[PDB]
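What follows is a single structure, written as structure tokens, with notes after it.
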Amino acid sequence: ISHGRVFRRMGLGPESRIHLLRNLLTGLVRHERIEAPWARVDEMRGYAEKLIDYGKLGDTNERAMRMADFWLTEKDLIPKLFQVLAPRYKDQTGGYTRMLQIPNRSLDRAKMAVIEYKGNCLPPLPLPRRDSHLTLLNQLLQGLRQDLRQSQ
Amino acid sequence: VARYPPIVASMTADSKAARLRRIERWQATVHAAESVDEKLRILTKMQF
Amino acid sequence: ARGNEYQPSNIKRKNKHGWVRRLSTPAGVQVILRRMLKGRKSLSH
Amino acid sequence: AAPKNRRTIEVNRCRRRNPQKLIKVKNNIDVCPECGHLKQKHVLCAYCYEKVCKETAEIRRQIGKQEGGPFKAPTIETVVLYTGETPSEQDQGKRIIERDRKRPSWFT
RNA sequence: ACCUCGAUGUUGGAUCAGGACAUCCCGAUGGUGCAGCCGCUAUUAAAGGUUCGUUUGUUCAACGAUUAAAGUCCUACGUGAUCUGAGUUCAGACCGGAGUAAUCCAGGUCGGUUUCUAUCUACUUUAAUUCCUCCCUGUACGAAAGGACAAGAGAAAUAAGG
RNA sequence: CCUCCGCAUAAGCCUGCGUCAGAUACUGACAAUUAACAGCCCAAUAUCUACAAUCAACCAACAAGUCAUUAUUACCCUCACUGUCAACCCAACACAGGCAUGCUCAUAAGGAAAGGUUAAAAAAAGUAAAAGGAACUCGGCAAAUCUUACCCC
RNA sequence: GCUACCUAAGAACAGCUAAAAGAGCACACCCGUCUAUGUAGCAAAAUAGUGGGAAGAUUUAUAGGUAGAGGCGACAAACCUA
Ligand SMILES: [Mg+2]
Ligand SMILES: [Mg+2]
Ligand SMILES: [Mg+2]
Ligand SMILES: [Mg+2]
Ligand SMILES: [Mg+2]
Ligand SMILES: [Mg+2]
Ligand SMILES: [Mg+2]
Ligand SMILES: [Mg+2]
Ligand SMILES: [Mg+2]
Ligand SMILES: [Mg+2]
Ligand SMILES: [Mg+2]
Ligand SMILES: [Mg+2]
Ligand SMILES: [Mg+2]
Ligand SMILES: [Mg+2]
Ligand SMILES: [Mg+2]
Ligand SMILES: [Mg+2]
Ligand SMILES: [Mg+2]
Ligand SMILES: [Mg+2]
Ligand SMILES: [Mg+2]
Ligand SMILES: [Mg+2]
Ligand SMILES: [Mg+2]
Ligand SMILES: [Mg+2]
Ligand SMILES: [Mg+2]
Ligand SMILES: [Mg+2]
Ligand SMILES: [Zn+2]
């Protein structure tokens with residue numbers, strides 16, 4: 001019975017789970033785009049968002065500095081977290097990460113995903129785009145919208 | 001006012017930089033050693 | 001616990017099943033002769 | 001416990017050809033409008049993703065060359081500039097990663 | 001001495017219990033050496049229940065405290081491909097005894113390896129009972145001692161389901 | 001993140017993750033380990049050799065102990081041979097076992113418990129637990145604590 | 001070349017308490033009390049914990065010896081290549 005359990009059981013235990021997520025998140029902060037097993041990316045997405053929030057909190061905040069020091073195993077990224085990412089997302093309030101499924105791993109056919117910080121310098125992902133407004137169905141719905149607007 | 005942690009390699013990781021940092025830890029113990037006897041003992045204890 | 005009864009040592013090997021020991025006694029000479037008659041590629045050890 | 005009798009090929013065929021065993025036809029496959037290769041609707045296109053990954057690998061290799069060593073992550077934004085391109089006013093103050101090829105059309 | 005010795009694993013205990021009724025308790029009823037309270041006996045009733053402990057390997061029995069009761073049985077003395085091995089029942093050893101001895105004992109006593117990944121069958125979500133408290137009532141009954149039913153009110157405990 | 005280890009010698013094995021090419025830590029070819037370390041010794045005939053070791057100094061012993069030459073005669077005139085690799089040996093196996101010694105006493109050396117996902121039962125290991133505290137059980141077995149006293153043999 | 005005993009000449013035994021100890025606690029090391037797991041297993045006897053000894057009748061590397069009407073044995077009819 002796992003009603004309401006929100007954390008996956010990963011690695012060799014709770015500490016190993018935290019460390020795996022920490023390594024994935026350090027890689028994400030360094031490269032701005034990481035491909036890893038789908039479940040691990042899903043688990044680490046929330047922590048990525050939380051680091052962005054802690055970076056928004058600012059350098060001077062000792063609590064934020066401690067959190068960044070713990071989570072970023074490579075200490076050169078803490079200046080990055082606080083001076084490149086948080087300023088980038090100052091305008092935003094959330095949704096800093098884009099996660100998208102990727103063709104299964106060739107080795108063990110694992111469900112893989114790619115997670116990136118939005119607005120990174122890297123080439124854009126082949127994002128799935130909704131159907132063009134000029135399609136038949138969308139044009140008919142546009143006609144509906146125009147008719148309703150005219151009625152009101 | 002912002003106390004960034006020092007940008008050094010991990011002392012326990014399995015990497016070239018971590019190995020160099022462990023070597024630096026050893027050499028720091030040698031430096032801290034006061035007596036020349038202790039210095040020589042630390043410098044020569046490992047037989048390779 | 002068992003199985004590793006063979007603790008190899010060339011000194012014991014040659015002093016126990018060597019050509020010299022086999023020729024030392026008539027019984028060992030006949031052992032060598034039996035091996036030769038059978039056509040063994042290794043008469044002694 | 002051990003089998004009391006050999007299971008016949010008829011029973012075995014029943015078991016191993018039951019539709020629960022058989023592979024399920026997938027109807028979520030579709031053609032990628034960009035390259036025209038097949039892709040599962042929810043999954044990203046393999047061909048396009050490989051293009052992006054190879055370009056990312058080139059860019060990251062240039063990034064590593066410019067960094068010159070471990071723990072040298074810049075404290076400023078980064079911009080990739082291709083041959084025949086010059087930094088814009090926004091690009092000013094950003095680490096320039098220069099790629100020796102024409103900008104990919106998909107890349108913008 | 002009929003199946004099984006090219007193995008049907010064995011006494012108690014744990015777990016889960018299926019069943020019978022020749023009913024221990026709860027229900028209904030007849031009799032009584034049934035005044036009442038306890039009871040005894042018989043007909044009907046197997047839906048439900050039928051305790052925890054001290055020694056002892058004990059099933060039992062004895063004892064302690066309870067209970068409405070701590071029922072008699074069958075189920076390979078139910079159930080070791082679910083479990084335990086304390087007894088018994090190998091190989092070691094001591095005491096008493098037998099023998100010249102080896103060794104043995106309807107004797108005691110200390111120790112002593114519990115295998116199996118399930119092929120098939122079968123199966124895996126089917127309106128509750130009881131005790132007690134008050135009152136009735138210190139009434140009916142009875143010389144007293146003692147002492148009820150029924151009706152009513154309240155409390156719980158177990159069991160099932162959440 | 002782990003470090004039981006690890007590095008050498010011995011013993012054992014005998015080319016057994018070096019390069020290249022083919023396949024699909026395999027096959028074929030090519031290469032390699034260089035003595036100072038170690039092994040491989042000693043001209044005769046007699047003749048010597050009571051007094052441990054233990055920081056050898058006190059003491060202290062008993063179990064009474066690994067370490068020595070001289071006399072004469074011969075004789076220099078001349079640095080060979082062999083081991084040197086490895087991820088290794090004995091256990092039918094890339095076996096959780098066995099495996100002497102010197103240093104390192106946690107390491108500068110050596111390594112990776114998780115193929116991916118889910119987090120059902122049963123099972124294994126561990127941690128926590130209301131009140132009680134052996135009522136369990138053959139037995140306090142196991143676990144937790146650190147805890148008295150009396151008996152047989 | 002295991003094992004029982006022996007022969008030659010070797011080696012190991014931290015630390016603490018005590019004091020010349022077949023002394024105590026306790027590493028390495030030797031053993032294998034009890035439990036769990038395992039039972040075609042990692043293992044034809046192991047693993048984890050727990051535990052006995054751990055300066056001695058100790059443990060152990062090397063070479064040699066005793067051979068089946070036998071050897072060896074602090075007798076368990078032990079051990080002598082599962
Ligand atoms: Mg897992
Ligand atoms: Mg041996
Ligand atoms: Mg018969
Ligand atoms: Mg007859
Ligand atoms: Mg049969
Ligand atoms: Mg009846
Ligand atoms: Mg019977
Ligand atoms: Mg028994
Ligand atoms: Mg007797
Ligand atoms: Mg017994
Ligand atoms: Mg015992
Ligand atoms: Mg069993
Ligand atoms: Mg089963
Ligand atoms: Mg692994
Ligand atoms: Mg798995
Ligand atoms: Mg408790
Ligand atoms: Mg008891
Ligand atoms: Mg007590
Ligand atoms: Mg009991
Ligand atoms: Mg115990
Ligand atoms: Mg000592
Ligand atoms: Mg002692
Ligand atoms: Mg005897
Ligand atoms: Mg006997
Ligand atoms: Zn595509």
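Lettering follows sequence order; numbering is per chain, from 1. Values below: every heavy atom of this structure, side chains too, minus hydrogens, waters and symmetry copies.
In this structure, D/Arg6 reaches neither bases nor backbone, as no heavy-atom distance under 4.0 Å exists between it and the strands shown. Contact annotation for B/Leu20: no contact, since no heavy-atom pair falls under 4.0 Å across all strands.
Under the Watson-Crick or G-U wobble criterion, with both distances below 3.5 Å, F/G83 is paired with F/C37. Shown here, E/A65 forms a base pair with E/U51; the pair counts as Watson-Crick or G-U wobble because both key distances fall under 3.5 Å. For F/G18, the paired nucleotide is F/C30, the pair qualifying as Watson-Crick or G-U wobble because both relevant distances are below 3.5 Å. Pairing of E/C21, defined by two Watson-Crick or G-U wobble distances under 3.5 Å, is identified with E/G71. In a base pair of the Watson-Crick type (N1 to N3 plus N6-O4 or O6-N4) or a G-U wobble (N1-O2 and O6-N3), with each distance short of 3.5 Å, E/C77 is matched with no nucleotide. Pairing for G/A74 is absent, judged as Watson-Crick or G-U wobble with the two contacts each under 3.5 Å. Checking E/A14 for Watson-Crick or G-U wobble geometry (two distances, each under 3.5 Å) identifies E/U82 as its partner. Pair assignment for G/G68: none, as no Watson-Crick or G-U wobble contacts are both less than 3.5 Å.
Taken as a pair, E/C132 and E/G154 qualify: Watson-Crick (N1-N3 plus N6-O4 or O6-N4) or G-U wobble (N1-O2 and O6-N3), both under 3.5 Å. If you check F/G22 against F/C26, you find a Watson-Crick or G-U wobble pair, both contacts below 3.5 Å. Between E/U113 and G/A45 there is a base pair of the Watson-Crick or G-U wobble kind, both donor-acceptor distances falling below 3.5 Å. Between G/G15 and G/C25, a Watson-Crick or G-U wobble pair is formed, both defining distances falling under 3.5 Å. Geometry at G/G64 and G/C34 does not meet the Watson-Crick or G-U wobble definition with both required distances under 3.5 Å. Here F/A119 is not matched with F/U127 as a Watson-Crick or G-U wobble partner, both contacts being required under 3.5 Å. Residues G/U37 and G/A61 show neither Watson-Crick nor G-U wobble pairing with both defining distances under 3.5 Å. With both hydrogen-bonding distances under 3.5 Å, F/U101 and F/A8 qualify as a Watson-Crick or G-U wobble pair. E/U133 and E/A153 are base-paired: they meet the Watson-Crick or G-U wobble geometry, with both hydrogen-bonding distances under 3.5 Å. Judged by Watson-Crick and G-U wobble geometry, where both atom pairs must sit under 3.5 Å apart, E/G92 and E/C110 count as a base pair.
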Side chain to side chain donor-acceptor pair (under 3.5 Å) evaluation trace for A/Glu74 with A/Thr26 = CA-CA 7 Å; A/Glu74 312 167 9; A/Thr26 296; 6.0 Å; no
Between D/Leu81 and D/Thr86, is a side chain to side chain contact (heavy atoms under 4.5 Å, CB included) present by the stated rule, with each step listed?
-> CA-CA 7 Å; D/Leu81 286 186; D/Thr86 64; 5.8 Å; no
Which letter, B, S or -, goes with each nucleotide of nucleotides 89-105 of chain F from 5' to 3', with contact meaning a protein heavy atom under 4.0 Å?
-> -BS-----BS----SSS
Which letters describe nucleotides 114-124 of chain F, given B = protein heavy atom under 4.0 Å from base, S = only from sugar-phosphate, - = neither?
-> BBSSSBS----
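In this strand, E/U43 stacks on its neighbour E/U44, with six-membered ring centres under 5.5 Å apart and planes inclined by less than 30°. In this strand, E/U72 stacks onto E/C73; the six-membered rings sit under 5.5 Å apart at an angle under 30°. The six-membered rings of E/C116 and its strand neighbour E/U117 do not satisfy centres under 5.5 Å apart together with planes under 30°, so the two bases count as unstacked. For the consecutive nucleotides F/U137 and F/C138, the six-membered rings of the bases fall outside the stacking limits of 5.5 Å between centres and 30° between planes. Both conditions of the stacking definition, centres under 5.5 Å apart and planes under 30° apart, are satisfied by the base rings of G/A8 and G/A9.
For A/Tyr96 (side chain) and A/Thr93 (main-chain N/O), a donor-acceptor pair under 3.5 Å exists by modelled atom type. In this structure, the side chain of A/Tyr89 engages the main chain of A/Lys118 through a donor-acceptor pair within 3.5 Å.
Ring geometry, D/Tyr47 versus D/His37: the interplanar angle falls under 30°, so the pair is classed parallel (tilted spans 30 to 60°).
With rounding to the nearest 0.5 Å, the separation of CE in A/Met65 from CG in A/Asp69 is 8.5 Å.
Look at F/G16: its glycosidic torsion is within 90° of 0, and that puts it in the syn range. E/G85: glycosidic angle within 90° of 0, hence syn.
Atom CG in B/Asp14 sits roughly 15 Å away from atom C1' in F/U107 (whole-Å rounding). When rounded to the nearest whole Å, the span between NE2 of C/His45 and P of G/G1 equals 15 Å. Distance, C/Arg13 CZ to F/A11 P: 14 Å, rounded to whole Å. At whole-Å resolution of the value, CH2 in B/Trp26 and P in F/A109 are 11 Å apart.
Ion pairing between a basic and an acidic side chain is recognised when a charged N comes within 4.0 Å of a carboxylate O; A/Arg98 and A/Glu116 show such pairing. Between A/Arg105 and A/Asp108 a salt bridge is recorded (basic side-chain N to carboxylate O distance below 4.0 Å). Ion pairing between a basic and an acidic side chain is recognised when a charged N comes within 4.0 Å of a carboxylate O; A/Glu32 and A/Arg88 show such pairing.
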Polar atoms only, N or O, under 3.5 Å: list the protein pairs with nucleotides 63-65 of chain G and their distances.
residue	atom	partner	partner atom	Å
G/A63	OP1	C/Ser9	OG	3.4
G/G64	OP1	C/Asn15	ND2	2.9
G/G64	OP2	C/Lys12	NZ	2.7

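Here F/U145 counts as north. Its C1'-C2'-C3'-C4' torsion is positive. The pentose of F/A36 is categorized as south (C2'-endo side) on the basis of a negative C1'-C2'-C3'-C4' torsion. Here G/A69 counts as south. Its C1'-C2'-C3'-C4' torsion is negative.
Sorted by first and then second residue, the side-chain hydrogen bond (donor to acceptor under 3.5 Å, both in side chains) pairs with a member in residues 51-68 of chain D read A/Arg33-D/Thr56, D/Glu50-D/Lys54, D/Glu55-D/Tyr82, D/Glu55-D/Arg99, D/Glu55-D/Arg101, D/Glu58-D/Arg61, D/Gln62-D/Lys65; sequence neighbours excluded. Within the structure, the side-chain hydrogen bond (donor to acceptor under 3.5 Å, both in side chains) test picks out no pair touching residues 5-23 of chain B (sequence neighbours left out).
The salt bridge (charged side-chain N to carboxylate O under 4.0 Å, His left out) search around D/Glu34 returns A/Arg129, not counting sequence neighbours.
Spacing of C1' atoms, F/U66 relative to F/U107, comes out at 38 Å, to the nearest Å. The same atom, P, is picked in G/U37 and in F/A143; the two are 13 Å apart, to the nearest Å.
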